[PDB]
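K.L.:
Provided herewith is a single structure, encoded as structure tokens, for subsequent inquiry.
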Amino acid sequence: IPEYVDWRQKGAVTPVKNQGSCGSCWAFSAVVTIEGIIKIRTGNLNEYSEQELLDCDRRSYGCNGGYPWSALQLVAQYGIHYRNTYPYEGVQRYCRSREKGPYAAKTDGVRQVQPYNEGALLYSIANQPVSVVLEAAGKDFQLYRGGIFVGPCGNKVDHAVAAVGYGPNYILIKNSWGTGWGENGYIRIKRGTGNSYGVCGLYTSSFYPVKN
């Protein structure tokens, strides 16, 4: 794999979004990977509906939290609609997929990255955007405003985001707190420190969608 990867430059990342005050970070994370893999396979970049996952994934808790892996399997089992047809509301409602018509896209499956292994995760990112978790509760993360972030932070993950590239000393992460946070909405987290948890527990739980 190359020394640098940035899916943004390859036209596979859509604009940064703001989840607002609704704990839907699991859904936003999932969508970034779906937007990613559809672009890689068909050449076309489209935005997909976070709202649809928020309302339909029965294993998840709507604005109270959820699991990016549950979302991804829903996209594999059923499909997902375009963001335009099923726009983000910032609160859980009821599943309206039925009244939106045919799904815009469908994946074939989900795969998990081997955890606590920097190399395995870099290898996946080199193939496509990946959904990852990290500890975002600490003030340093919340006030992050740029630079390569080294912490401080522990490993009590509580936030799902998406990894969209890397370089010699960092991993590139797209957050869903809008553009006024971090580097226009992104963060560069330090890698290569030799801690198997990863900085802020970044290597704990990573999943990516498969489409043939």
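K.L.:
Could you work out the helix-only [θ] at 222 nm for the chain, with each DSSP H run of four or more residues adding -39,500 (n - 2.57) and the total divided by the number of residues, to the nearest 500 deg cm²/dmol?
P.N.:
-7000 deg cm²/dmol
K.L.:
Residue 155 label point, 7 Å along Cα→Cβ, cut-off 13 Å on backbone N: hits in the stretch 111-127?
P.N.:
Taking a point 7 Å out along Cα→Cβ of residue 155, the residues of the stretch 111-127 whose backbone N falls under 13 Å are 115-118.
K.L.:
With labels modelled as points extended 7 Å from the Cα through the Cβ direction, what inter-label distance (nm, one decimal) is found for residue 42 paired with residue 148?
P.N.:
Between residue 42 and residue 148, the label points sit 3.8 nm apart.
K.L.:
Within the stretch 1-73, report the chymotrypsin sites (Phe, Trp or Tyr not before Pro) that DSSP leaves as loop and that have at most 13 other Cβ atoms within 10 Å. The partial results should precede the final answer.
P.N.:
Values: sites: 4, 7, 26, 28, 48, 61, 69; in loops: 4, 7, 61.
Counting only loop positions with at most 13 other Cβ atoms within 10 Å, the chymotrypsin sites (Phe, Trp or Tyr not before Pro) in the stretch 1-73 are 4.
K.L.:
Excluding same-chain pairs closer than 8 in sequence, count the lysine pairs in the chain whose Cα atoms lie under 13 Å apart. Before the final figure, lay out each step's value.
P.N.:
Details: 10/39; 17/174; 39/106; 39/211; 106/211.
For the chain, the number of qualifying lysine pairs is 5.
K.L.:
Please identify the DSSP H helices in the chain that span no less than 20 Å along the helix axis (Cα) and have a mean Kyte-Doolittle hydropathy of -0.5 or more. Present the calculation step by step, with values, prior to reporting the outcome.
P.N.:
Working: long enough: 25-42 (26 Å, 1.11).
Membrane-span-like by this rule: 25-42.
K.L.:
So how far, in whole Å, is the C-alpha centre of the stretch 75-122 from the one of the stretch 1-60?
P.N.:
8 Å
K.L.:
Follow-up. Going 7 Å from the Cα of residue 1 along its beta-carbon direction, which residues of the stretch 117-145 have the amide nitrogen within less than 20 Å of the resulting point?
P.N.:
Output list for this probe position: 117-135.
K.L.:
Here is a follow-up. Are there trypsin sites (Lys or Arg not before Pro) in the stretch 147-212 that DSSP marks as loop and that have at most 14 other Cβ atoms within 10 Å, and which are they? Let's see the in-between values first.
P.N.:
On the way: sites: 156, 174, 188, 190, 191, 211; in loops: 156, 191, 211.
Passing sites in the stretch 147-212 are 156.
K.L.:
Within the chain, what percent of beta bridges assigned by DSSP are antiparallel, to the nearest 5?
P.N.:
95 percent
K.L.:
Need one number: nm distance between label points at residue 193 and residue 78, each 7 Å from Cα along Cα→Cβ, rounded to one decimal.
P.N.:
Placing both labels 7 Å along Cα→Cβ, they lie 3.9 nm apart.
Cβ coordinates were reconstructed from backbone atoms using ideal geometry, including for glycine residues, and neighbour counts include every protein chain displayed. Readers should treat all values here as calculations from the given coordinates under stated rules, not as data from a laboratory.
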